[PDB]
Amino acid sequence: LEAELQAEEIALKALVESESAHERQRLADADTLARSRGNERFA
Amino acid sequence: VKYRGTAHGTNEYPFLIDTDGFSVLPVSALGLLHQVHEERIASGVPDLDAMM
């Protein structure tokens, strides 16, 4: 049973890490599009 | 039609009679000598002005 518990803990931490990484990638892509269509290139 | 002794314009130039009198602004007198300026003009639309 304790082995099962440790496996579940690893699963939770994988869930958190990957979800945060998706957050980061989404932010990066949004910023890239923001430049691609932004007027800040000149002022 | 014929001007003896030197060059001249040969096309038909539309002229006008006005209060001043005879006026002739031939289209062959225009030249590409335009002094340019480095200043900018404001359109009045802030977004359009910043776009450029």
# chains A, B, ... in the order shown; residues from 1 in each chain; ligands from 1

$ interface_residues --of "chain A" --to "chain B" --cutoff "12 Å" --atoms "only C-alpha atoms" --output "list in words"
residues 37, 38, 39, 40, 41, 42 and 43 of chain A

$ select_by_dssp --residues "region 7-51 of chain B" --states "alpha helix (DSSP H)" --output "list in words"
residues 46, 47, 48, 49, 50 and 51 of chain B

$ write_last_selection --atoms "N, CA and C atoms" --output "PDB file, in the first residue's frame"
ATOM      1  N   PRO B  46      -4.498  59.642 -33.064  1.00  0.00           N
ATOM      2  CA  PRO B  46      -3.302  59.139 -32.368  1.00  0.00           C
ATOM      3  C   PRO B  46      -2.914  57.725 -32.767  1.00  0.00           C
ATOM      4  N   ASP B  47      -3.892  56.839 -32.959  1.00  0.00           N
ATOM      5  CA  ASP B  47      -3.569  55.460 -33.307  1.00  0.00           C
ATOM      6  C   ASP B  47      -2.933  55.373 -34.688  1.00  0.00           C
ATOM      7  N   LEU B  48      -3.513  56.065 -35.670  1.00  0.00           N
ATOM      8  CA  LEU B  48      -2.939  56.076 -37.011  1.00  0.00           C
ATOM      9  C   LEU B  48      -1.554  56.712 -37.009  1.00  0.00           C
ATOM     10  N   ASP B  49      -1.372  57.786 -36.230  1.00  0.00           N
ATOM     11  CA  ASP B  49      -0.067  58.437 -36.149  1.00  0.00           C
ATOM     12  C   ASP B  49       0.985  57.514 -35.550  1.00  0.00           C
ATOM     13  N   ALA B  50       0.635  56.769 -34.499  1.00  0.00           N
ATOM     14  CA  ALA B  50       1.599  55.859 -33.886  1.00  0.00           C
ATOM     15  C   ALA B  50       1.857  54.643 -34.770  1.00  0.00           C
ATOM     16  N   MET B  51       0.877  54.261 -35.593  1.00  0.00           N
ATOM     17  CA  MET B  51       1.050  53.085 -36.439  1.00  0.00           C
ATOM     18  C   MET B  51       2.277  53.215 -37.333  1.00  0.00           C
TER      19      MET B  51
END

$ select_by_dssp --residues "chain B" --states "strand (DSSP E or B)" --output "list in words"
residues 16, 17, 22 and 23 of chain B

$ write_last_selection --atoms "N, CA, C and O atoms" --output "CSV table (one decimal), in the first residue's frame"
chain,number,residue,atom,x,y,z
B,16,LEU,N,-6.3,80.3,-70.8
B,16,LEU,CA,-7.5,80.8,-70.2
B,16,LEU,C,-7.5,82.4,-70.2
B,16,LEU,O,-6.4,82.9,-70.0
B,17,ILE,N,-8.6,83.0,-70.3
B,17,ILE,CA,-8.7,84.4,-70.3
B,17,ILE,C,-9.5,84.7,-69.0
B,17,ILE,O,-10.7,84.3,-68.9
B,22,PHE,N,-4.6,87.0,-70.2
B,22,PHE,CA,-4.1,85.7,-70.7
B,22,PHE,C,-3.3,85.0,-69.5
B,22,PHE,O,-2.5,85.7,-68.9
B,23,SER,N,-3.6,83.7,-69.4
B,23,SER,CA,-2.9,82.9,-68.4
B,23,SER,C,-2.6,81.6,-69.0
B,23,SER,O,-3.5,80.9,-69.6

$ residues_around --residues "residue 15 (chain B)" --least-positions-apart "4" --cutoff "12 Å" --atoms "only C-alpha atoms" --output "ChimeraX atom specification"
/B:21-27

$ atom_distance --atom1 "CA of residue 3 (chain B)" --atom2 "CA of residue 28 (chain B)"
17.8 Å
